[PDB]
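Participant: This structure is in C-alpha cells; I'll ask about it shortly.
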Amino acid sequence: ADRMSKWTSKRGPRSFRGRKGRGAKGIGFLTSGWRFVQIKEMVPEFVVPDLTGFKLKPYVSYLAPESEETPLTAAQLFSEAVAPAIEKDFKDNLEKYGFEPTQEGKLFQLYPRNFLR
Amino acid sequence: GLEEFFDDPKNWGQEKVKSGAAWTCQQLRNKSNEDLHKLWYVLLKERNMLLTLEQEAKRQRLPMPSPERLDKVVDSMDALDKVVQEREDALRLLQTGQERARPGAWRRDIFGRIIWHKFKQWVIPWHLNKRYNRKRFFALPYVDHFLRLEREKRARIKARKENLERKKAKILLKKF
Amino acid sequence: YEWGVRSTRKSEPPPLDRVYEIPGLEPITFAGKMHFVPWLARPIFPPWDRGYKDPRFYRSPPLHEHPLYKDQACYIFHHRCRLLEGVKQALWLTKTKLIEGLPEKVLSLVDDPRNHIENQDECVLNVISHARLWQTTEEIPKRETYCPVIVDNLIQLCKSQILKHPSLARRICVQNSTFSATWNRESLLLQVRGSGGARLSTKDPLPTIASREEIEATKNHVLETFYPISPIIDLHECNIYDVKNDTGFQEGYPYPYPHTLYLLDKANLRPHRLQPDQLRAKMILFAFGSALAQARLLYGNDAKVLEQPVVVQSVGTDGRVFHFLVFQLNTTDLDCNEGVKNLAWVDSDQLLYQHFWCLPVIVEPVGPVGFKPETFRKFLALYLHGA
Amino acid sequence: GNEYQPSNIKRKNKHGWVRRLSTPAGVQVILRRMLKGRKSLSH
Amino acid sequence: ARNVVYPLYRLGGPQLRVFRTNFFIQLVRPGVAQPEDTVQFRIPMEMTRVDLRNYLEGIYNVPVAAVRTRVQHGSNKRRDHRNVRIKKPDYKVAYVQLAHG
Amino acid sequence: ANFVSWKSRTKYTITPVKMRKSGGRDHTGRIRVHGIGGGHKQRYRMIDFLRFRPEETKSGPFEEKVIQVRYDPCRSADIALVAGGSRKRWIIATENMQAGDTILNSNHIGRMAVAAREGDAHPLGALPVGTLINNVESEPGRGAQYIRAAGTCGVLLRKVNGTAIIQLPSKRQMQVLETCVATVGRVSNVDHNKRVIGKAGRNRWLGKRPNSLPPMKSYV
Amino acid sequence: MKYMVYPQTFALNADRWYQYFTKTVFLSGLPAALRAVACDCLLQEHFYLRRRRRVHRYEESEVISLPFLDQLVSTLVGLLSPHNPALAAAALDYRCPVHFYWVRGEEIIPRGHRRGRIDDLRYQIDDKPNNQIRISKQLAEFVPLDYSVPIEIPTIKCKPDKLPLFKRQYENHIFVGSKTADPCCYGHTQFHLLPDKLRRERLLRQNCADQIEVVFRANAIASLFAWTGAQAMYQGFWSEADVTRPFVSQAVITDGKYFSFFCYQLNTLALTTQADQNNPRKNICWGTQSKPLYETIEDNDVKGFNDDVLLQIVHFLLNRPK
RNA sequence: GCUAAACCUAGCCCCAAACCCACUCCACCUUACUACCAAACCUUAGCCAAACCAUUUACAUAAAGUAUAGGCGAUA
RNA sequence: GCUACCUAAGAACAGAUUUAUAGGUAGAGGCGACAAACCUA
RNA sequence: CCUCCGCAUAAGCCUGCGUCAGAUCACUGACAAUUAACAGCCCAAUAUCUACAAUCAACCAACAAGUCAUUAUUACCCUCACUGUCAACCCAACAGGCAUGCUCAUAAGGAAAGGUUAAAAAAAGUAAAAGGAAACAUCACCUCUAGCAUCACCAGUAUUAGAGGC
Ligand SMILES: [Mg+2]
Ligand SMILES: [Mg+2]
Ligand SMILES: [Mg+2]
Ligand SMILES: [Mg+2]
Ligand SMILES: [Mg+2]
Ligand SMILES: [Mg+2]
Ligand SMILES: [Mg+2]
Ligand SMILES: [Mg+2]
Ligand SMILES: [Mg+2]
Ligand SMILES: [Mg+2]
C-alpha cells in the first residue's frame with residue numbers, strides 16, 4: 001500500500017529483486033549451470049593515454065586574456081577544412097576531397113554513432 | 001599510485017587553494033584532440049580530488065578549503081565536453097548531415113500524444129522482433145475526448161498566465 | 001480420433017485482404033513505418049536470414065541435408081535401452097546361448113578357502129555400514145548414491161586384495177566408459193553405444209571358458225524368436241547413422257583388453273529404474289556390445305569364427321541384490337542364424353542382503369538384514385576371475 | 001480484521017502497468033488519470 | 001560509462017574502447033574498522049566492478065585484486081515543508097582490495 | 001482467463017502425461033457442471049480408439065502380447081497395454097482377457113462368421129449376428145465410441161447386406177455399416193455397479209464437491 | 001548464527017585471517033613403476049580417451065583432472081599395498097565431504113534488539129577434498145604433544161566481516177565424513193583438487209602473484225582442522241573436556257598444474273573464549289611450498305616427471321601407527 | 001493580560017483577441033521510468049412530465065413560438 | 001491478493017482437514033454441504 | 001520472577017532506538033552503514049525414448065491407481081558480471097493473525113509493582129463449618145433425459161453423463 005517511491009532495487013520477493021538492476025550496462029551472458037560468461041569483447045575498455053610531459057595544466061591562469069565565443073559552425077569549419085584542397089583541385093569526383101559515400105567501413109561512423117561519449 | 005586520490009599534502013590546512021579560472025571554451029577550442037584527451041584526464045583527476053575532499057569535509061564536519069574549485073573544475077570539464085560535442089556535431093553535419101545524432105523519429109504513442117521515439121540498436125529485425133512488435137504504438141478513435149481535454153488544460157494554463165501577467169502589468173502601471 | 005485438440009495449437013491465420021491480391025498495384029503497406037497496427041495496410045516481409053553466425057541461435061541444418069543420413073536406419077542399444085522381451089530379446093539380437101549357473105572355469109578359484117579375505121563377512125558388513133549407514137551427512141541416505149558407492153567399495157576391496165597375488169595388479173579400472181559398435185543380424189543393422197560403470201581392463205585377455213566342441217554344438221542352439229512381436233523392437237531408431245566401431249579408448253592406451261563391467265540403476269524411483277530381469281538383460285546386452293567392440297578392436301568386421309573366443313563378465317547391483325554373468329562369443333556371422341554362437345553362464349539374485357534397517361524397533365537388530373556373504377565370495381572370485 | 005494481506009508480485013500483477021494497459025479501457029483509465037494530472041499514473 | 005548508449009556488440013566485434021570516460025569516482029575514509037589491504041569508494045551509479053579496476057588502472061595503475069558492490073538505499077524518513085516522502089540520494093558503494101601487500 | 005487445454009500432445013506414446021483439470025469450470029471460467037472434478041491426482045495416457053490400427057510398413061491382421069491390466073483412472077474397465085511388432089497400444093480389457101494371452105486384430109470379413117476369441121476385435125462382416133460385442137465404433141476408422149463402460153455388453157441383433165444392427169447398452173438399436181470393426185464379448189471390471197462405498201469419502205474422492213422403446217438408429 | 005569458511009577460498013591474504021579463525025601454527029617444510037602409471041593416467045584422461053563432448057574449459061578440471069587424481073590415488077594405493085599393511089584396512093572414500101564446528105569469537109552484536117550481550121560467535125566448516133583415505137589406527141605424532149615453538153600466530157586486526165566472508169544459518173553437522181558408528185575412526189591421508197574459479201591461470205589473469213600459495217595453505221589448514229576436530233569428536237572429547245593425545249593428520253592438495261602436501265598436529269579441540277584464558281596449548285599445521293608435477297602436454301605422452309611428487313605421495317602414504 | 005484578533009496580495013474570475021503543447025544525454029508498453037533473438041468500429045439508455053401508469057418526451061433580427069405532430073393527454 | 005469455488009504446482013499428521021505462491025470465475029454476475037449465506041466496516 | 005517461546009529463512013515494509021549535537025515517564029538535523037561460495041538472474045537446433053509408484057521398499061497388503069530419466073545428429077571455446085543481504089520491522093483493535101527449518105526450556109530472551117494506604121461496590125483466585133440443589137449435504141436405493149467426440153461435460157461411451165426424492 002505504498003507507491004510514491006521510485007522503482008529501485010528493493011521491491012518484493014527474490015526473483016522480483018532478481019531481474020531489474022540499477023543503471024549499469026550489461027557485460028556478459030547467461031549460460032548453463034546458471035553460470036555467466038562475460039567476454040572481454042563486450043566489456044568497457046577505458047584506455048587513457050600517458051599524461052607525462054603535457055604542459056597544459058588542469059586549471060588555466062587568470063593572467064591570460066579573453067576571447068570571443070566562436071561556436072564550431074558547420075559551414076565555417078567545412079570551409080576552413082576543405083578550402084585548400086578544393087582550391088588546388090579546381091586549379092587542377094570528391095573522393096580526392098574525402099567525401100564519404102557511406103560510413104559502413106569506418107571504425108567511428110556517425111549515423112548511427114558507434115563512438116563513446 | 002593512490003597518492004593522487006587525496007590532494008596535494010602541502011596545501012592541507014591552508015584554508016584556501018589558489019586555483020585559477022576555468023579554461024575558456026574558444027580558448028580551449030584551439031587545442032589538439034590529443035591535448036583534449038590530456039585535458040579531460042587531468043580534469044578527471046582534479047574532480048576526483050574535489051569529490052574526495054568534499055566528502056571528507058563532511059566526514060570531518062568542517063568547512064571547505066576551496067569551495068569554488070570543485071564547481072570550477074566541473075565547469076571547465078563541461079566546456080571541454082561542449083567543445084568535443086561541437087567537433088562531433090561538425091563531423092555528423094559534414095559527413096552525413098543528420099540532425100539528431102541518434103537515429104529516431106517523431107510518432108504517436110499509446111497515450112495518444114505526439115512525441116519523438118528513439119530507435120535502439122538491436123540485432124533481430126523489425127519483421128521478427130518479438131519485443132518491438134509488442135509495442136502497441138497505435139491509437140484508435142478512443143483517444144479523442146482525452147486529447148481535446150489535454151488541449152483544454154493547456155489553454156486554461158495559457159489564459160491563466162496571460163491574465164496574470166497583464167493584470168500584474170495594470171497594477172504596475174497603477175504604481176506609476 | 002486424432003490426438004490433440006486445436007485450441008492450444010497454433011493460431012489460425014486471418015484472411016489476407018484483396019488489397020494484396022491487386023493484379024497491378026502493390027499496396028501501400030506498413031513497411032515505411034514501424035507499426036504492426038490497424039491504421040494502415042499490413043506489411044508483408046519476405047524470408048530474411050540472420051547473416052551473422054553465432055552460438056546463441058544458430059539452428060541446425062535440415063535433417064535431409066545432413067552429411068550422414070543413410071537409408072538403412074540403425075537399431076541402437078543405449079544406456080536407456082530397456083529391451084522388450086527381456087533376455088529372450090537379448091539372446092535374439094546378440095545371437096547368444098544362455099547356460100544357467102556360473103561357468104566353472106573361473107568358479108574353480110572359489111573352491112579353496114585360501115582365496116578369501118580375512119573376516120570377509122565382517123569387512124562386507126563394514127562396506128554395508130559405509131554405504132547404507134555412513135555414506136553422507138544425512139541420517140539415512142537413499143540407495144541412489146549408496147549403490148554406486150557400494151560398487152566403488154567392492155571394487156576398492158578387490159583392488160586392496162591384490163597383496164596375495166600381483167596378477168590383477170596388471171589390470172586397471174577406468175570410468176567415463178562409452179563404447180560403440182555395429183552388427184548385422186539376420187537382415188537388420190544395429191549399433192550399440194553404451195556408457196556405463198567399471199571399465200575393468202588388463203593387458204592380456206583371459207582364456208576361453210568352454211571347448212570348441214560346445215562351439216560346434218551351438219549350431220544346434222536356436223534363437224527362440226517372438227511372434228508377432230519381432231525382435232527389432234525396443235531399440236533406438238537412428239535414422240541418421242555413422243558406420244564405425246568405437247573401442248571407447250584412443251590409441252596409446254596400455255592394458256586395453258576388457259575383462260568385466262559393473263552396472264546399476266541409480267534411480268530415485270523403481271519406476272525410474274530398470275526391472276530386475278530387464279536389468280539382467282541390459283547387462284547381457286551391454287556385455288555383448290563390449291565384446292563385439294573388443295572383437296572389432298582386435299580383428300575387425302570379419303563375420304566368421306574368431307580364432308580366440310572373446311569373453312567378458314559383468315554384474316548388476318540393486319543396492320543389495322546383485323546378478324552376475326560371464327559371456328564367451330567366438331563367431332561373428334550374425335547375419336547367419338546357424339552355426340557357432342555366443343554362450344553365457346549367469347548367476348542371478350546374488351544379493352548382499354535382504355534389506356537394510358536403519359533404526360531399531362520395540363527389538364530387531366540394526367544394520368544389514370538377510371546378509372549372505374557366499375554371494376560376496378562369488379563376487380570377489382569374479383573380481384579375480386580370469387587372472 | 002486482517003483482510004489487507006497484500007503481496008508485491010500480485011500487487012504489480014493486479015495493479016501494474018502492463019495489465020492496466022492491456023485492454024483499451026485501461027488506456028482510457030491512464031488518460032483519465034493524466035488529465036487529472038496525478039503523480040502515481042499507474043501502480 | 002554513464003548517461004549514454006554503448007554500441008551494440010556482436011559475436012566477434014571490435015574492442016569498444018573509450019575516449020574520455022565521464023564516470024568520475026570518490027573514495028572516502030572507511031567508517032567502521034576495516035582490513036588494511038582494501039580501499040573502498042562511492043563510485044557513481046553506473047560502472048562495473050571490472051570497470052572500477054580498469055578506471056583505477058588508468059588513473060593511477062593500482063594493483064586491483066578484489067572488487068565489491070553494496071547498494072545502500074537512501075533513507076526515506078525526512079520531510080519538507082510540504083510534508084511529503086522525499087527519499088535521499090541513494091548510493092551504490094564499491095571496494096577494491098589492492099594486491100602486492 | 002487464458003487456460004490452455006489439457007490435451008496438449010498430438011502424438012501417440014505409451015506413457016501418461018500431466019493434464020490440467022477443469023473441475024467443471026468452463027473456458028469462460030465459471031462452473032458449467034456441478035459436482036465435477038477434483039479427485040486424486042491421475043495422469044492421462046493415450047487410449048487407442050481404433051482396435052485394429054495399422055502400423056508403419058504393415059497391413060492386414062496382427063497379433064500382440066499384453067503386459068498388465070492395471071486400474072487406469074482413464075477408463076472404467078481393466079486395461080490391456082499390449083506390444084506387437086514395434087507398436088504398443090492400450091485397449092480396454094474384455095470379460096475374459098488376461099495377461100500372457102496373444103491378441104490378434106483382424107479386419108478381413110470372411111464369407112461366413114469368424115469364431116474369434118473372447119477379447120478379439122474384427123469387422124462387422126466377420127462376426128455372427130447375435131454375438132456379444134463391446135467397443136462399438138460409429139464409422140469405419142472413426143474409433144470405438146459406443147459400448148465401452150465397465151461390464152457393458154451389446155448383441156448384434158441383425159446382419160444385412162453390408163450392414164450390422166446391434167442393441168446398444170441402453171437396448172437401443174444402432175445400425176452401422178459392415179465396414180466398422182468392433183470387439184467381441186463384454187468389457188472388464190464386471191459387477192462394478194454392485195459396490196458399496198460405505199461412507200462419503202470415496203464419493204468425495206471421485207472428483208465431486210457437494211451438490212448445489214427408441215426407434216432403430218442408423219449410421220449407414 | 002554461524003560464519004562460513006569455504007574451503008576453496010577466494011580472498012587475498014586469506015591464510016592469515018583463516019589462521020586466526022584456526023589459531024594454528026603456520027610453518028614451512030615437512031614433518032619405480034609409479035611414474036609410468038601416473039603418466040599413463042595423465043595420458044588416459046588427456047589423450048587416450050576420446051571425449052564425446054568437446055573438451056570445454058568450462059569444466060576444465062571437472063572433465064579431466066579430477067579423474068586424473070582419482071586414478072593416481074587409486075593406483076597408488078594398489079601399488080603401495082605391498083608397502084604399508086594398514087592400507088589394507090583403509091577405506092578410500094571419493095568426493096565426499098566432512099563437517100565440523102569451530103567455536104571462537106566474542107563481541108557484542110553492534111546495533112539492534114540483541115544489543116550489548118555476548119553472543120557465541122560460532123562457525124561451521126564442511127568441505128571435501130577430492131578423495132580421502134581413512135585409517136583404522138590413529139597415526140603417531142609428528143612433533144610432541146604440546147611441542148612448543150618460537151613464533152606466534154598472526155592475530156585478527158578487526159571484526160570477522162572486513163575480510164571476505166558471510167554468516168548464515170545451516171545445521172551444525174560435525175561429521176568425520178561419516179557418523180560415529182563407522183569403524184574407521186581416524187584417517188590415512190587426503191587428496192584435494194582445487195576449484196576452477198581460483199585457477200592458477202585465473203590467478204595469472206588476476207594480479208595476485210604469490211597468493212596461490214596462500215590459497216593452497218589455507219584450504220589445507222581448513223581440511224586439517226576439519227579432520228582433526230573429527231578425530232576429537234570421534235575420540236569422545238569435548239570443549240567440556242579437552243583432548244590430550246595429539247590430533248594427527250596428513251593430506252595432499254592439487255590443482256592439476258601443481259601439487260602440494262600438508263600435515264597437522266592439532267591440539268586445541270577447545271578454542272572457545274571461556275577456555276581461552278586457561279589456554280597455554282597450541283596447535284600446528286605444517287606445509288611446504290607447492291610445486292608442479294606435470295609440466296607440458298605433448299601429443300602422445302608427457303615428459304618431465306617431477307619425481308619428488310610421487311616420492312612424497314609414497315612418503316605420506318607409508319607412515320603407520322606403532 | 002493571554003489565547004487572540006485585525007491587515008494585501010498572493011493569484012484565481014469572466015470576456016476581448018489569438019489556433020496552441022510536445023528532442024540537456026538517457027530510459028520508458030516485461031512487474032511502465034530496465035541496452036539485446038524466430039488485434040477497430042456493431043442505433044446510448046433510462047427516468048422525468050401525464051399531479052398514479054404504458055404510447056410521447058431534451059441530453060445576428062424577423063415570419064415564429066404561426067404552418068407539423070399529440071393515451072388529440074403533456075407539450076415539442 | 002480477505003473470504004466462496006476451481007486450476008497449476010508444494011507442505012504437515014490420516015480427512016468432506018488446513019495452508020506458503022501464482023492464476024481463473026464480475027452484479028443483468030460469480031459462488032454457494034441452500035445458511036434466501038459470501039464477494040473488502 | 002516470567003518465557004507454548006525463541007533463533008533463523010520466507011514473504012512483506014522500507015533505514016525505522018547505529019553515531020555527534022539540540023530539546024521535544026523523564027523527537028529533529030547532519031554523518032556513517034549491508035563488501036558473497038547462499039538466492040535469483042539462465043540453458044545453441046531437429047527428430048527420437050520415457051508401463052513397472054512412494055511409504056526405511058526386502059515381505060505382506062492394497063487403492064484414492066502414482067509428485068521427478070534421456071538418447072541420436074550438427075554447431076560451439078571465453079570466463080566470475082549484475083542485483084538481496086541492516087533493524088526493536090508486517091496486517092488491526094485506539095481482543096488477534098504470520099508459511100517453513102532447529103532448541104521443547106533451554107546457552108537465547110523478557111519485567112506484569114510510578115509512590116503510598118488498606119474503605120465499601122465490582123473482577124479474579126484461595127478458604128470455610130454444618131447441611132449438601134432445600135434444517136442442508138450424503139453413502140445405499142429409486143425415478144427421469146441423452147446412442148455420442150477436438151475449449152468444459154470428456155480426452156469419457158447407458159455398470160456412462162446430468163437432474164430430482166428419502
Ligand atoms: Mg553485492
Ligand atoms: Mg406522473
Ligand atoms: Mg486470490
Ligand atoms: Mg555461488
Ligand atoms: Mg538480516
Ligand atoms: Mg534468560
Ligand atoms: Mg510494568
Ligand atoms: Mg499495588
Ligand atoms: Mg455445604
Ligand atoms: Mg462438604
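Convention: chains lettered A, B, ... in C-alpha cells order; per-chain residue numbering from 1; ligands numbered from 1 as shown.
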Do you know which residues are within 8 Å of ligand 7 using only C-alpha atoms (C1' of nucleotides) and all ligand atoms? Can you write them as number ranges by chain?
Facilitator: J: 111-113
Participant: Within 12 Å of chain A, which residues of chain G are there when counting only C-alpha atoms? Please give them as a CSV table (one decimal) with C-alpha atoms, in the first residue's frame.
Facilitator:
chain,number,residue,atom,x,y,z
G,57,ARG,CA,37.4,-25.3,-20.0
G,58,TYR,CA,34.0,-24.5,-18.5
G,59,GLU,CA,34.6,-27.9,-16.9
G,197,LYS,CA,37.4,-20.3,-10.4
Participant: Based on only C-alpha atoms, which of the residues in chain E come within 10 Å of chain B? I want them as a ChimeraX atom specification.
Facilitator: /E:5-10,19-29,31,39,41-42,56-63
Participant: Around ligand 3, out to 9 Å and counting only C-alpha atoms (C1' of nucleotides) and all ligand atoms, which residues are there? I want them as a list in words.
Facilitator: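 With only C-alpha atoms (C1' of nucleotides) and all ligand atoms and a cut-off of 9 Å, ligand 3 is contacted by residues 10 of chain D; 1, 2 and 23 of chain I.
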Participant: Could I get the residues of chain B with an atom no further than 8 Å from an atom of chain H, each paired with its nearest atom pair and that distance in Å to one decimal, using only C-alpha atoms (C1' of nucleotides), sorted by chain and residue number, as JSON lines?
Facilitator:
{"residue": "B:100", "atom": "CA", "partner": "H:23", "partner_atom": "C1'", "distance": 7.9}
{"residue": "B:110", "atom": "CA", "partner": "H:29", "partner_atom": "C1'", "distance": 8.0}
{"residue": "B:113", "atom": "CA", "partner": "H:22", "partner_atom": "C1'", "distance": 7.9}
{"residue": "B:114", "atom": "CA", "partner": "H:22", "partner_atom": "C1'", "distance": 6.5}
{"residue": "B:115", "atom": "CA", "partner": "H:22", "partner_atom": "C1'", "distance": 6.4}
{"residue": "B:116", "atom": "CA", "partner": "H:23", "partner_atom": "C1'", "distance": 6.8}
{"residue": "B:120", "atom": "CA", "partner": "H:35", "partner_atom": "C1'", "distance": 7.6}
{"residue": "B:121", "atom": "CA", "partner": "H:35", "partner_atom": "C1'", "distance": 7.7}
{"residue": "B:122", "atom": "CA", "partner": "H:36", "partner_atom": "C1'", "distance": 5.6}
{"residue": "B:123", "atom": "CA", "partner": "H:36", "partner_atom": "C1'", "distance": 6.8}
{"residue": "B:124", "atom": "CA", "partner": "H:37", "partner_atom": "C1'", "distance": 5.9}
{"residue": "B:128", "atom": "CA", "partner": "H:38", "partner_atom": "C1'", "distance": 6.3}
{"residue": "B:129", "atom": "CA", "partner": "H:37", "partner_atom": "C1'", "distance": 7.7}
{"residue": "B:134", "atom": "CA", "partner": "H:29", "partner_atom": "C1'", "distance": 7.7}
{"residue": "B:135", "atom": "CA", "partner": "H:29", "partner_atom": "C1'", "distance": 5.7}
{"residue": "B:136", "atom": "CA", "partner": "H:29", "partner_atom": "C1'", "distance": 6.6}
{"residue": "B:140", "atom": "CA", "partner": "H:40", "partner_atom": "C1'", "distance": 6.8}
{"residue": "B:151", "atom": "CA", "partner": "H:21", "partner_atom": "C1'", "distance": 7.5}
{"residue": "B:154", "atom": "CA", "partner": "H:21", "partner_atom": "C1'", "distance": 6.4}
{"residue": "B:155", "atom": "CA", "partner": "H:20", "partner_atom": "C1'", "distance": 7.3}
{"residue": "B:164", "atom": "CA", "partner": "H:11", "partner_atom": "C1'", "distance": 7.2}
Participant: Enumerate as a ChimeraX atom specification the residues belonging to chain G that approach chain J to within 7 Å, with only C-alpha atoms (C1' of nucleotides) taken into account.
Facilitator: /G:6,56,111-113,165-166,169
Participant: For the residues in the current selection, export C-alpha atoms as a short mmCIF file (atom, residue, chain, number, x, y, z; two decimals), in the first residue's frame.
Facilitator:
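Result went into selection15.cif, see below:
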data_model
loop_
_atom_site.label_atom_id
_atom_site.label_comp_id
_atom_site.auth_asym_id
_atom_site.auth_seq_id
_atom_site.Cartn_x
_atom_site.Cartn_y
_atom_site.Cartn_z
CA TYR G 6 34.55 -22.15 2.22
CA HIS G 56 35.36 -27.24 -22.56
CA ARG G 111 23.06 -2.47 16.51
CA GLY G 112 19.67 -3.92 17.31
CA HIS G 113 17.39 -5.64 19.78
CA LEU G 165 33.13 -13.91 4.28
CA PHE G 166 29.46 -14.19 5.18
CA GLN G 169 22.42 -20.44 9.37
#
Participant: Would you mind listing what lies within 10 Å of residue 38 in chain E as a count of residues only, with only C-alpha atoms (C1' of nucleotides) counted and same-chain residues fewer than 5 positions away left out?
Facilitator: 16
Participant: Tell me the residues of chain D close to chain A, meaning within 12 Å using only C-alpha atoms, as a compact mmCIF listing (two decimals) with C-alpha atoms, in the first residue's frame.
Facilitator:
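Below you can see iface-v6.txt, which holds the result:
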# COMPACT_ATOMS: atom_id res chain seq x y z
CA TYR D 4 -5.33 -6.47 3.57
CA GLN D 5 -2.65 -9.17 3.24
CA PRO D 6 -1.02 -7.72 0.13
CA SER D 7 1.85 -9.23 -1.81
CA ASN D 8 4.19 -7.46 -4.20
CA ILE D 9 4.01 -9.97 -7.07
CA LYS D 10 0.23 -9.97 -7.03
CA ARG D 11 0.35 -6.21 -6.40
CA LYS D 12 2.22 -5.44 -9.61
CA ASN D 13 0.03 -8.00 -11.28
CA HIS D 15 -2.38 -3.05 -10.29
CA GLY D 16 0.61 -2.82 -12.65
CA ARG D 38 -1.74 12.88 -10.66
CA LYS D 39 1.71 11.52 -10.00
CA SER D 40 1.08 7.79 -9.46
CA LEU D 41 -0.09 7.30 -13.03
CA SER D 42 -0.19 3.54 -12.51
CA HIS D 43 0.75 1.15 -9.77
Participant: Counting only C-alpha atoms (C1' of nucleotides), what is within 10 Å of residue 136 in chain C, bar same-chain residues fewer than 6 positions away, as a list in words?
Facilitator: residues 130, 142, 145 and 146 of chain C; 96, 97, 98, 175, 177, 178 and 179 of chain G
Participant: Just the selected residues (C-alpha atoms), exported as a PDB file, in the first residue's frame, please.
Facilitator:
ATOM      1  CA  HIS C 130      29.812 -47.352   4.911  1.00  0.00           C
ATOM      2  CA  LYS C 142      18.822 -43.322  -0.413  1.00  0.00           C
ATOM      3  CA  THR C 145      24.076 -42.515  -4.154  1.00  0.00           C
ATOM      4  CA  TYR C 146      24.755 -45.561  -1.991  1.00  0.00           C
TER       5      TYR C 146
ATOM      6  CA  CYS G  96      32.646 -36.964  -0.040  1.00  0.00           C
ATOM      7  CA  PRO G  97      32.644 -34.086   2.456  1.00  0.00           C
ATOM      8  CA  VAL G  98      33.142 -33.938   6.209  1.00  0.00           C
ATOM      9  CA  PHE G 175      30.898 -35.271  10.812  1.00  0.00           C
ATOM     10  CA  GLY G 177      32.861 -37.872   6.589  1.00  0.00           C
ATOM     11  CA  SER G 178      30.653 -40.388   8.309  1.00  0.00           C
ATOM     12  CA  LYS G 179      28.810 -40.921  11.557  1.00  0.00           C
TER      13      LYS G 179
END
Participant: Write out as a PyMOL selection string which residues come within 8 Å of residue 341 in chain C when counting only C-alpha atoms (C1' of nucleotides), dropping same-chain ones fewer than 6 positions away.
Facilitator: chain C and resi 95-97+215+218-219+221+329-331
Participant: Skip range 59-74 of chain F itself and residues of its chain fewer than 2 positions away, then list as number ranges by chain all residues within 8 Å of it, counting only C-alpha atoms (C1' of nucleotides).
Facilitator: C: 227-229; F: 42, 44-45, 52, 54-55, 57, 76-85, 93, 98-108; J: 65
Participant: Would you compute the distance between CA of residue 75 in chain E and CA of residue 51 in chain E? Give it in Å to one decimal.
Facilitator: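 Between CA of residue 75 in chain E and CA of residue 51 in chain E the gap works out to 27.3 Å.
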Participant: Please give me, as a PDB file with C-alpha atoms (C1' of nucleotides), in the first residue's frame, the residues lying within 12 Å of ligand 8 when counting only C-alpha atoms (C1' of nucleotides) and all ligand atoms.
Facilitator:
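New file part-v5.pdb:
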ATOM      1  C1'   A J 112       3.027  -7.757  34.800  1.00  0.00           C
ATOM      2  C1'   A J 113       4.942  -3.481  41.433  1.00  0.00           C
ATOM      3  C1'   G J 114       5.167   5.271  39.305  1.00  0.00           C
ATOM      4  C1'   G J 115       4.804   6.071  45.265  1.00  0.00           C
ATOM      5  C1'   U J 116       1.787   5.116  49.291  1.00  0.00           C
ATOM      6  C1'   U J 117      -2.727   3.469  52.039  1.00  0.00           C
ATOM      7  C1'   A J 118      -5.624  -0.932  53.053  1.00  0.00           C
TER       8        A J 118
END
Participant: Can you tell me, as a list in words, what residues are no more than 12 Å from residue 18 in chain H when counting only C-alpha atoms (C1' of nucleotides), ignoring any on the same chain fewer than 6 positions away?
Facilitator: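 In the requested format, the answer is residues 155, 158, 159 and 162 of chain B.
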Participant: Could you list, as a PyMOL selection string, all the residues within 9 Å of ligand 2, counting only C-alpha atoms (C1' of nucleotides) and all ligand atoms?
Facilitator: chain H and resi 48-53
